[PDB]
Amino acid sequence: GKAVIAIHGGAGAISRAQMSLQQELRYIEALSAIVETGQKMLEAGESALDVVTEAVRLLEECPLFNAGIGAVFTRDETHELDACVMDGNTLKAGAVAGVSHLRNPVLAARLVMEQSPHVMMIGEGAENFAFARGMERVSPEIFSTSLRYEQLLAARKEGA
């Protein structure tokens, strides 16, 4: 089949009546720039694995989406991130969960896949593995956004 990419930035109660066009266009513009990057990589002959990794890296970087920068908050007002990558050719996969000091969890997942005998790593173990293979140690505060803090608070309020 023809080379193709799809991406998502999350499903949920995205309310048309509460949204403005200006708000929607920020999301549309981000999605279109990332999917076009992927399409161009595909056309240039990049691997599906590199294409999904880069798309997800860009979505992590974008504060609009709940991954990387822009992550939601736990009950304790902290961030704990998860990611997975799977290669359909070899059926190799890599994954991290519960990581707070890695900027791009999808890149750490790629490291688990390519540079370990393992499929999943968690927590400080995952962080330490990634650190030794080039990922810098960030503060979890870098992920924090007003948008997601407000959502935590609004969710707390419904709980009360």
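Heads up: residue numbers just count along the shown sequence, starting at 1. Basically, rigid core = biggest C-alpha set you can superpose within 1.5 Å across the two forms.
Visitor: Rigid core fitted first, then name the stretch among 128 to 136 and 66 to 74 whose C-alphas deviate most from the displayed form in 8 other deposited structures of this protein.
Guide: Higher root mean square deviation of C-alphas in 8 other deposited structures of this protein is shown by 128 to 136.
Visitor: So which stretch wins on mean C-alpha B-factor, 9 to 17 or 147 to 155?
Guide: It is 9 to 17.
Visitor: Mean C-alpha B-factor higher for 125 to 133, or for 110 to 118?
Guide: In the deposited entry, the stretch with the higher C-alpha B-factor mean is 110 to 118.
Visitor: Going by what the PDB entry lists, where does residue 42 fall on CA B-factor within its chain: lowest, middle or highest third?
Guide: Residue 42: CA B-factor falls in the lowest third of its chain.
Visitor: Based on the entry's values, in what third of the chain does the Cα temperature factor of residue 62 lie: lowest, middle or highest?
Guide: Residue 62: CA B-factor falls in the highest third of its chain.
Visitor: Taking the values exactly as deposited, rank residue 25 by C-alpha B-factor within its chain and report the matching third: lowest, middle or highest.
Guide: Within its chain, residue 25 is a lowest-third residue by C-alpha B-factor, going by the deposited values.
Visitor: Ranked by Cα temperature factor within the chain, is residue 87 in the lowest third, the middle third or the highest third?
Guide: For residue 87, the deposited C-alpha B-factor lands in the middle third.
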